[PDB]
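Shown below, as structure tokens, is a lone chain in the form deposited in one PDB entry; questions about how it binds or moves come after it.
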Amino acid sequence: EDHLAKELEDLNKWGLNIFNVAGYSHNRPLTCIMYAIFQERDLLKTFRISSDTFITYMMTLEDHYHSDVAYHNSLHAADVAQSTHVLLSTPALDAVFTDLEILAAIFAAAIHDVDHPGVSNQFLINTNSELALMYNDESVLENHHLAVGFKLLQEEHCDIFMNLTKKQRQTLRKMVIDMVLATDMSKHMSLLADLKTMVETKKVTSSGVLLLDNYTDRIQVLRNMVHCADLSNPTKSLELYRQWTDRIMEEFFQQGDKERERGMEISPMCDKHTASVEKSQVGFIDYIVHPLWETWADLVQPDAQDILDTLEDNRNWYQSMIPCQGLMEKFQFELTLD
């Protein structure tokens, strides 16, 4: 409507407010934002994707996110997709990616948490869930999000990639699988170590645009971009970030209650009777989010300085509400329990 079009004026900006978009699109923010993004980048035209087919696919995908899960619902997918859309346009990456690579990253972002049950991989492993048995304890959720997303493409009434070439579909699938598997937090430290090595050997044109030799380097940047998007809540305005924190803590605490009910050990940051919300965000920023974004900022300097400055301000706010490599691994364990 009127308010929706006003909010969508910020489609290409980090300050877009996805909560507002959700409110004005009958709780279909993913459908909404993906249609706005694809139209903005001319992807429907480029890849001969019919609008009806695209909407049907996106609505079905959206409906496969659980509305009763506090954080990992379709609003988080919409946020990651829109954040990825903004990251693909950072000046340091101008003309670096093919249309297929752009399509793959945004698609990956959209499907990356589909059918998430609101409990972690480790909870699924420890309770001997059907999903963990299916996936042999390895990136259980992420393998599942991919399987759902790709399973939905089988059916003409939903095959948005019908008009890509066979080679194109194969390359896209390879790329998307790579990106979604990279959202598994248990791989955070390795992704970061690999991204630091990339910053070290960074090469540019005389214009300040990154030079990426072949597929290996391109997919490495894209994996990290989606991971950054997934870890982007603390880099947004404080008003937005605080809502994301309320949501993750509601989801985590519900997992902790489930753990308590079943007599399992309570994961510390999922224990509502002990965990400090504020300290947890400070630690999340210090040992996970800032190290990653500091490295991303190095890769694309100076394009991400504003984000780094917002990150610092947000950290100081959470710290004010409280009355290195070793702790990097510690916080990765607290989240994953791996």
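The term rigid core refers to the most C-alpha atoms you can superpose between the two forms while keeping them within 1.5 Å. Position 1 is the first residue in the sequence shown; the rest follow in order.
Peer 1: What is the count, as a class, of unmodelled deposited residues between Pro323 and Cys324: none, 1 to 3, 4 to 9, or 10 or more?
Peer 2: Gap between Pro323 and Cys324: 10 or more residues without coordinates.
Peer 1: In the PDB record, does 158-166 or 246-254 carry the higher mean Cα temperature factor?
Peer 2: Result of the comparison: 158-166.
Peer 1: Comparing 69-77 with 191-199, which stretch shows the greater average C-alpha B-factor in the deposited entry?
Peer 2: Mean CA B-factor is higher for 191-199.
Peer 1: By the CA temperature factor listed in this entry, which of these ranks top: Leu146, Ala229, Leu88, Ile266?
Peer 2: Out of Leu146, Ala229, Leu88, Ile266, the record gives the largest C-alpha B-factor to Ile266.
Peer 1: At the C-alpha atoms, which of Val209, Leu100, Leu124, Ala110 reaches the highest B-factor in this entry?
Peer 2: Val209 has the highest C-alpha B-factor of those listed.
Peer 1: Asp306's Cα B-factor: lowest, middle or highest third of the chain?
Peer 2: Its C-alpha B-factor, which the entry lists for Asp306, ranks in the highest third among residues of this chain.
Peer 1: Select lowest, middle or highest to describe the third in which the CA B-factor of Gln281 falls within its chain in this entry.
Peer 2: It belongs to the lowest third of the chain when residues are ordered by C-alpha B-factor.
Peer 1: Comparing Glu62 with the other modelled residues of its chain, is its CA B-factor in the lowest, middle or highest third?
Peer 2: It falls in the bottom third of the chain.
Peer 1: Looking at the temperature factor on the CA atom of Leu152, which third of the chain's modelled residues does it land in?
Peer 2: As the PDB entry reports it, the C-alpha B-factor of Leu152 lands in the highest third of its chain.
Peer 1: Where does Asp94 sit by CA temperature factor within its chain: lowest, middle or highest third?
Peer 2: Middle third - that is where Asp94 ends up once the chain's C-alpha B-factors are sorted.
There is also a form deposited in another entry; it is not shown, and the following applies to it.
Peer 1: Which residue, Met58, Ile288, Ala304, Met269, is displaced 2 Å or more at the Cα between the shown form and the other one after superposing the core?
Peer 2: So the residue whose C-alpha moves 2 Å or more is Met269.
Peer 1: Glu9: with the rigid core matched between the shown form and the other one, does its Cα shift 2 Å or more?
Peer 2: No, its C-alpha moves less than 2 Å.
Peer 1: Closer or farther: the CA pair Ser276/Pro268 in the other entry, versus this form, with a change of 3 Å or more?
Peer 2: Distance between the C-alphas of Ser276 and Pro268: longer in the other entry, by 3 Å or more.
Peer 1: Given a CA distance change of at least 3 Å, are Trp293 and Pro268 closer or farther in the other entry?
Peer 2: Farther is correct, given that in the other entry the C-alpha spacing of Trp293 to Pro268 is increased by at least 3 Å.
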